[PDB]
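There is one chain below, alone, in structure tokens, taken in the form deposited in one PDB entry.
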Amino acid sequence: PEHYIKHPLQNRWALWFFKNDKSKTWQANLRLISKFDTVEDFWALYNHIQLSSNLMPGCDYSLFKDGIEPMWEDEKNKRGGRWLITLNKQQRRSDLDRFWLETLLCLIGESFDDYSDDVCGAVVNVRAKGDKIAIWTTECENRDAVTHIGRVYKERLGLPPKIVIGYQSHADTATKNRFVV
């Protein structure tokens, strides 16, 4: 068995790509790349696509649970929010790619103990103004799920206590931090 079986993941995941094209609506600029559900198929895809730091400003990658679209309007996102990492321009070089890869692993390895079921996906925004990485969760009112997710994530990224990160509800973004760790 071990010698020939690919290792299945807890969830099947979909990677999405966004390219800013002004000719198009935001939703129309969103595009599913591929899905995977094994460790081996994760790395085949990751080793095949551009690093986040190599994307033209305006692009996103999103990794979401199969069946959850990477938009606020999805039933599993409507009432949720995100843990936001705000990077300066100098961190595109030093931290963006390692932070994103760490975030990908937090999701596919189900790293938030029981609250991993609260995770919906992650988004990296490559922006000239400053990049962003975020983990999206399904319910911004689940205090103990959100907070545990936030504390684990912060430690897995290696962020020091001199840093505080904030959690924002999608209902507030679509128009303020609810929690900070």
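Only residues modelled in both forms are compared. So that there is no doubt, residue numbering starts at 1 and follows the sequence shown. Under this definition, the rigid core comprises the largest set of C-alpha atoms superposing within 1.5 Å between the forms.
Student: Please classify the coordinate gap between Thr175 and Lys176 in terms of deposited residues: none, 1 to 3, 4 to 9, or 10 or more.
Tutor: Missing residues, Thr175 to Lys176: 4 to 9.
Student: According to the deposited model, is the average Cα temperature factor higher in 163-171 or in 12-20?
Tutor: Taking the mean C-alpha B-factor of 163-171 and of 12-20, the larger value falls to 163-171.
Student: Determine, for stretches 148-156 and 130-138, which one has the higher mean CA B-factor as deposited.
Tutor: Looking at the record's C-alpha B-factors, the answer is 148-156.
Student: Test of reading the entry: by CA B factor among the chain's modelled residues, which third contains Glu69?
Tutor: According to the entry, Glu69 has a C-alpha B-factor in the chain's middle third.
Student: Comparing against every modelled residue in the chain, figure out the third that the C-alpha B-factor of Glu40 lands in (lowest, middle or highest).
Tutor: Lowest third.
Student: When the modelled residues of the chain are sorted by Cα temperature factor, does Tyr61 land in the lowest, middle or highest third?
Tutor: Its C-alpha B-factor belongs to the lowest third of this chain's values.
Student: Mind checking which third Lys76 falls in for C-alpha B-factor across the chain?
Tutor: Highest third.
Below: the form solved in complex with a partner chain, not depicted.
Student: Although the partner isn't part of this model, could you tell me whether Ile108 comes within 4.5 Å of the partner chain in the bound PDB entry, counting any heavy atom of the residue?
Tutor: Judged by the heavy-atom cut-off of 4.5 Å, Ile108 is in contact with the partner chain in the bound PDB entry.
Student: Just checking whether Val39 would be counted as a contact of the partner chain in the bound PDB entry - the rule being heavy atoms within 4.5 angstroms.
Tutor: Flag for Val39 set to yes.
Student: Residue-level contact is defined here as any heavy atom of the residue lying within 4.5 Å of the partner chain in the bound PDB entry; does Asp144 satisfy this criterion?
Tutor: Although the partner chain is absent here, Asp144 would stay clear of it in the bound PDB entry, with no heavy atoms inside 4.5 Å.
Student: Quick one: is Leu9 in contact with the partner chain in the bound PDB entry, heavy atoms, 4.5 Å cut-off?
Tutor: Answer yes; at least one heavy atom of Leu9 falls within 4.5 Å of the partner chain in the bound PDB entry.
Student: At 4.5 angstroms, heavy atoms only, are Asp95, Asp97 and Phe179 all close to the partner chain in the bound PDB entry?
Tutor: The answer is no: none of the three residues contacts the partner (heavy atom, 4.5 Å cut-off).
Student: Based on heavy atom distances of 4.5 Å or less, which listed stretch (66-74, 126-134, 40-48, 145-153) is in contact with the partner chain in the bound PDB entry?
Tutor: Stretch 40-48 is the one.
Student: Return the sequence-ordered list of stretches, each of 3 or more consecutive shared residues, in which all C-alpha shifts are 2 angstroms or more between the shown form and the other one following rigid core superposition.
Tutor: After core superposition, the one displaced run is 2-4.
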